[PDB]
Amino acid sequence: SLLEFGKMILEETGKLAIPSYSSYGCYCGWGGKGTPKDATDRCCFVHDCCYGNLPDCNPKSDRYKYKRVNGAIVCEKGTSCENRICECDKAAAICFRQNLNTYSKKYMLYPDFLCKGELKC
């Protein structure tokens, strides 16, 4: 679910999902178009594609369970949708962690019309 994703993001990065990742760049948050602005935005692009791979799941609302083993996120076994949603969220949270070094506050609330270019999943 979205709230679980937000808590996984906070755990990984120490940033609050809202506002750090809810409206960042072209792809983090509602909507997506154009060329992602940086590596963090690319995490969101791929996360969007990952949710797009699950057309008959409901990634915003369906809850999954995970634990940590030696620090690392381990998605626990629910329904097939829940497992797949968890893997998408896990990847994006790790990706955010990996790209904290280049996160730029200039891309928070980035305006949609600047999202020029095109990117297929």
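The term rigid core refers to the maximal set of C-alpha atoms that superpose within 1.5 Å between the two forms. A residue's number is simply how far along the shown sequence it sits, counting from 1.
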- request: Kindly name the stretch, out of 108-116 and 8-16, whose CA atoms are displaced more from this form in 8 other deposited structures of this protein after the core superposition?
  value: 108-116
- line: By Cα RMS to this form in 8 other deposited structures of this protein after fitting the core, the stretch ranking higher of 26-34 and 61-69 is 26-34
task: Could you settle it for me: does 28-36 or 70-78 have the higher average Cα B factor in the PDB entry?
output: 28-36
Segment of higher mean CA temperature factor, 13-21 or 94-102: 13-21
